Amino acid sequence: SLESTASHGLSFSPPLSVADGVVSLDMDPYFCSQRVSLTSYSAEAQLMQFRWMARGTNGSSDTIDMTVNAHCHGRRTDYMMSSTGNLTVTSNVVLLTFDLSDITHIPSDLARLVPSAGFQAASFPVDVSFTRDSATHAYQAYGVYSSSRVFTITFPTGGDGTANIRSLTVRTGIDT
């Protein structure tokens, strides 16, 4: 009966789509694009600069202002942070929390400061250094997202008891 193998037609599953008999690959421009062939991102990179007030959440109840540059290039966002002021610590380890609500400025493309579900699944490396009693301490530390808006880094304070650390730098990156 009268049909050909073509009669029933083809359906196209995302990221493939058809419109008006024209079949396309839908491309997130932060990840990929076409220049005849499928290649890497076309979206413009940006370098965001803002202040992030980080909060001590264990081994500190203090806060510390961080000057942040976030270099967003494709779906990678790299953070370079430097403190102003001292952070008061109370123990040999401190947890420092970075919640998007504590950024001033607040970039328009806030999506670039939010990790992917995949990336959120694990602890991630963070380079930390700071000065305490005129010595530099520097550590390969780790951060972890507790939710899509909030990560916390854990690092040693270079001593015990109450002390004030300064010149805290934080370097890390996330996949968004």
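Quick note: we count residues from 1 along the sequence shown, nothing fancier.
- Annotation for 118 to 126 versus 105 to 113: the higher mean temperature factor (C-alpha) is found in 105 to 113.
- Judged by mean Cα B factor in the deposited record, 24 to 32 ranks above the other of 24 to 32 and 63 to 71.
- The PDB entry gives the largest Cα B-factor of the residues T152, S13, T157, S167 to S13.
- Among all modelled residues in its chain, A45 ranks in the lowest third by Cα B-factor.
- In the deposited entry, the Cα temperature factor of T90 sits in the top third of values across the chain's modelled residues.
- Placement of the Cα temperature factor of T172 within the chain: lowest third of the modelled residues, per the deposited record.
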